[PDB]
RNA sequence: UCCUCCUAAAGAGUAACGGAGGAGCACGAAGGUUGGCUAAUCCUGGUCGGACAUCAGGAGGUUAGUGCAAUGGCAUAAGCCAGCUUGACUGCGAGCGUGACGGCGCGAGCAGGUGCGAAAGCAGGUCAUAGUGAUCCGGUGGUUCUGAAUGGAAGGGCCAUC
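Structure, rendered in structure tokens:
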């Protein structure tokens with residue numbers, strides 16, 4: 001359950017998810033999962049995907065998480081009228097743009113890497129693709 | 007427990023570069039000194055910049071710190 | 001019946017040559033220690049009634 | 003607002019006076035500033051008073 | 002640093018004279034050969050200079066860099082400025098305390114016609 | 001009610017029971033001027049003394065400080081120290097900013113009389129932006145301005161102030 005520590009402000013504006021991803025290349029491992037769609041990932045989804053791969057690889061190799069939530073999201077309690085101030089913070093999400101690399105991995109065969117990432121992508125709400133580290 | 011705010015102070019540049027002004031007219035309203043007084047320009051107690059002579063106002067960057075200056079040339 | 005002048009208005013506005021009105025400034029009665037001399041000095045002379053509220057003044061004192 | 007208001011009376015016979023504030027708790031002694039009196043058009047000593 | 006402290010000391014005065022826009026008499030002092038210069042308001046040209054470094058003025062005083070030297074230079078700048086035409090100037094300490102040689106130079110200059 | 005930031009879409013302004021914080025002061029000095037000075041944090045040596053007192057040197061260049069929340073500004077320092085002082089002065093005020101208005105703000109310069117400096121010069125409160133309340137009624141001091149037959153006075157007016 002990734003979450004920041006002592007953030008400057010409890011609440012922040014909704015904002016927008018326009019634009020294009022920055023971390024579009026593999027930088028740590030040899031294989032990675034790239035985001036094709038656009039959306040937001042909650043902390044729970046990131047944890048679920050991480051657990052799926054660790055089990056798949058059987059604690060062999062290394063796992064890199066290239067996304068952090070660092071964005072609180074509020075939700076009004078049930079049977080509450082509009083207004084009366086901003087809602088309380090419930091969960092943290094990370095905004096994902098197309099081309100963003102979600103997870104990176106190294107130290108395992110390419111064949112075993114594909115199934116591990118496929119299992120993780122099955123527990124994410126955004127279209128994803130498998131990429132390999134490029135030479136320069 | 008929010009909901010408080012202060013009336014806007016309508017700061018900013020009142021006269022822009024290349025337009026003639028009369029002596030004593032306000033050129034820039036500012037909290038600090040974003041622009042420093044140059045030639046024929048005076049600085050008020052609240053860091054307001056006003057024209058001390060009649061002429062055209064121009065902006066420039068001078069000094070080792072590249073700080074902005076406002077001057078007036080008699081044209 | 002003839003119109004009745006608003007007596008309160010007649011004690012605060014005086015008509016001038018060109019139809020204007022002069023009035024005393026309204027911040028020089030009390031609580032004067034904390035005020036700068038510059039602000040008190042500028043409030044001493046009489047001032048002309050603004051255009052927006054001139055129409056209101058005309059109705060109040062139609063005779064004077 | 004512990005600070006309270008006082009009156010500075012010119013040492014000359016003129017009735018002109020200045021008004022200011024002071025804190026009696028910290029500085030209980032009198033105030034003897036030298037200010038300008040326009041009635042006589044001279045700088046004279048002004049004494050604190052009610 | 003002695004120079005850095007001196008420049009920092011005189012910066013405010015130099016800026017004040019610069020914006021005022023007036024000819025300024027600037028004096029530079031060292032353990033020997035006290036200098037003096039007159040600068041136009043723009044600060045780009047020197048109207049006239051004098052000092053004890055040249056033989057024309059160093060051939061009389063016993064030693065350069067004393068009270069007598071300051072008076073000679075202070076006097077020397079005077080008639081030169083009067084001959085040139087400029088009368089009113091602004092004295093610049095240049096970060097030097099206005100106590101000894103600097104004061105002597107200024108005193109000689111003011112009594113010699115360059116009132117300021 | 002007032003102040004600072006964001007929302008606010010690179011002039012100004014701009015709403016919500018939108019998101020964050022403050023004010024109802026203080027100071028005869030913490031004001032004016034003249035002269036001088038330049039931090040935080042680290043490294044090394046050194047009694048108590050210890051990670052953290054004070055001393056010396058070095059890196060550092062303002063992450064310090066700026067009476068009070070925040071923003072902008074501040075080395076010519078607006079930051080720190082000392083001498084002398086009351087310009088925290090009176091009558092004005094070209095010309096501008098800001099408001100529907102009441103009003104609020106900035107201001108060169110002129111006259112009078114002052115302080116600091118050899119002098120040029122600076123000073124009409126405080127680094128700026130909150131620290132505030134119209135009118136009525138009444139109190140205090142000055143001023144033959146008026147004072148209902150006359151001379152006074154009462155009461156009004158004007159000025160300062162509560």
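Protein chains in written order, with the entry's author numbering: chain M, 1 to 136; chain W, 7 to 81; chain 3, 1 to 64; chain 1, 3 to 52; chain O, 2 to 117.
Even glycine gets a Cβ: it sits at the ideal position worked out from N, Cα and C.
| said: Between the alpha carbons of residue 11 (chain O) and residue 42 (chain O), how many angstroms are there, rounded? | reply: A direct Cα-Cα distance of roughly 17 Å separates residue 11 (chain O) from residue 42 (chain O).
- Query: Is residue 38 (chain 1) helix, strand or coil by DSSP?
  - Reply: Strand at residue 38 (chain 1).
Quick one: grab the DSSP three-state call for residue 42 (chain W).
Of the three classes helix, strand and coil, the one that applies to residue 42 (chain W) here is strand, per DSSP.
key: Where residue 13 (chain 3) falls, given that 16 or more other Cβ within 10 Å makes a residue buried   = With at least 16 other beta carbons inside 10 angstroms of its own, residue 13 (chain 3) counts as buried.
* Residues near residue 20 (chain 1) by beta carbon distance below 7 Å, same chain, minus five either side -> Only 10, 37, 48 meet the Cβ criterion.
key: Own chain residues within Cβ distance below 8 Å of residue 147 (chain M), not counting five before or after   = Since the first residue shown for chain M is 1 and the last is 136, residue 147 (chain M) is missing from the structure and cannot be characterised.
* Rounded to whole angstroms, what's the CA-CA distance from residue 53 (chain W) to residue 41 (chain W)? Just pull it up for me. => Each residue's Cα considered, the two are about 9 Å apart.
### Message
Can you find the residues in the same chain that come closer than 6 Å, C-beta to C-beta, to residue 29 (chain 1), ignoring five residues on each side of it along the sequence?
### Response
Around residue 29 (chain 1): no qualifying Cβ.
Exercise. Compute the Euclidean distance between the alpha carbons of residue 14 (chain 1) and residue 34 (chain 1), then round it to the nearest angstrom.
Key: Using only the alpha carbons, I get a separation of about 13 Å.
_Bridge partners for residue 50 (chain 1) per DSSP, in chain order?_
The beta-bridge partner set that DSSP reports for residue 50 (chain 1) consists of 10 (chain 1).
Opposing strand residues paired with residue 75 (chain W) [DSSP bridges] = According to DSSP, which records beta bridges pairwise, residue 75 (chain W) is partnered with 42 (chain W), 66 (chain W).
So, with DSSP's three-state summary, where would you put residue 17 (chain O)?
DSSP places residue 17 (chain O) in helix when its eight states are reduced to three.
Minimum C-alpha distance to residue 41 (chain 1) - residue among 23 (chain 1), 17 (chain 1), 25 (chain 1), 51 (chain 1): Nearest to residue 41 (chain 1) by C-alpha distance, out of 23 (chain 1), 17 (chain 1), 25 (chain 1), 51 (chain 1), is 17 (chain 1).
Quiz prompt | Straight-line Cα distance separating residue 47 (chain M) from residue 39 (chain W) | solution = Between residue 39 (chain W) and residue 47 (chain M), the C-alpha separation is close to 51 Å.
Could you round the C-beta distance between residue 76 (chain O) and residue 113 (chain O) to whole angstroms and report it? I think they count as a contact, below 8 Å. In this structure residue 76 (chain O) is in contact with residue 113 (chain O), their Cβ atoms being roughly 5 Å apart against a cut-off of 8 Å.
Under 6 Å Cβ to Cβ from residue 28 (chain M), same chain only, skipping five residues before and after it: list those, please. Taken in chain order, the residues that qualify are 64, 104.
query = Got a sec? Which residues, its chain only, sit under 6 Å from residue 118 (chain O) by beta carbon, not counting five neighbours each side?
reply = Residue 118 (chain O) lies beyond the residue range present for chain O, which begins at 2 and ends at 117; the question has no answer from this structure.
Closer than 8 Å by C-beta to residue 4 (chain 1): which residues in its own chain qualify, once you throw out the five before and the five after it? Chain order, please. Excluding residues within five positions, the ones whose Cβ falls inside 8 Å are 25, 27.
Discussion item. Using a 10 Å radius around the Cβ and a threshold of 16 neighbouring Cβ atoms, would you call residue 63 (chain W) buried or exposed?
Written reply: With 16 or more other Cβ atoms within 10 Å, it is buried.
| task | Locate the beta strand (DSSP E) running through residue 47 (chain M), then write down its first and last residues. | result | That residue, residue 47 (chain M), is in no beta strand (DSSP E); its alpha helix (DSSP H) goes 43-57.
I'd like to check one pair, residue 71 (chain M) with residue 12 (chain M): are the Cβ atoms closer than 8 Å?
Less than 8 Å divides the Cβ of residue 12 (chain M) from the Cβ of residue 71 (chain M).
Check your understanding: With a Cβ-Cβ cutoff of 8 Å, do residue 105 (chain O) and residue 72 (chain O) count as a contact?
Key -> Yes, these two residues count as a Cβ contact at 8 Å.
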